[PDB]
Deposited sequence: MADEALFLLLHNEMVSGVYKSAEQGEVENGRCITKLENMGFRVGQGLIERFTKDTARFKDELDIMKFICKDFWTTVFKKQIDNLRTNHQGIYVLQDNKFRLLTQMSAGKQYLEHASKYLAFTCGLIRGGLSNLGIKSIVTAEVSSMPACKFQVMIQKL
């Protein structure tokens, strides 16, 4: 499937209530992303380190989805990572990052890591995804 189809579908999903319903929508976007992230690892990857797993997300995983690597990886060495993409493809605001938060969480989950993943537009079209690794 040509890349245009995913880009159009994602855009159509994000555009189509009250704060509760809106919240439910975000959660649905993230959850769909989670399932897709899992299935991508399942197909792609048949990792002696957490740092290795994060490197893979930034390299192979981001390339599989967005055809480029993450621009910056930062850590506090206490379980938080920040992944920076200087030109997030699904932008060219918060709504547009939710599915990708799930992609990351689902990809990590299939590699044995539980995480909470959130994101912000740092400065359009740059975005930062925060990955908080969970002990359980």
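*Asks:* For this chain, which runs of the deposited sequence have no C-alpha coordinates, given in order from the N-terminus?
*Replies:* According to the record, the gaps fall at 1, 18-23, 54-57, 104-114.
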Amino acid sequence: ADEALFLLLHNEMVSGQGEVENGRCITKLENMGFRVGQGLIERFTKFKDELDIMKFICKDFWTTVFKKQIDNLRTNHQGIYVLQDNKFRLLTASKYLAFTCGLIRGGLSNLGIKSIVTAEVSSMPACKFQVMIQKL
From here on, numbers count along this sequence of modelled residues.
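*Asks:* For the C-alpha atoms alone, is the average B factor greater in 52-60 or in 32-40, going by the entry?
*Replies:* Looking at the record's C-alpha B-factors, the answer is 52-60.
*Asks:* Can you let me know which of the two, 122-130 or 109-117, has the higher average C-alpha B-factor in the entry?
*Replies:* Looking at the record's C-alpha B-factors, the answer is 122-130.
*Asks:* Which has the highest CA B-factor per the PDB entry: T100, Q78, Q84, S94?
*Replies:* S94 has the highest C-alpha B-factor of those listed.
*Asks:* Relative to the other modelled residues in the chain, which third contains the C-alpha temperature factor of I104: lowest, middle or highest?
*Replies:* Ranked within chain, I104 CA B lands in the lowest tercile.
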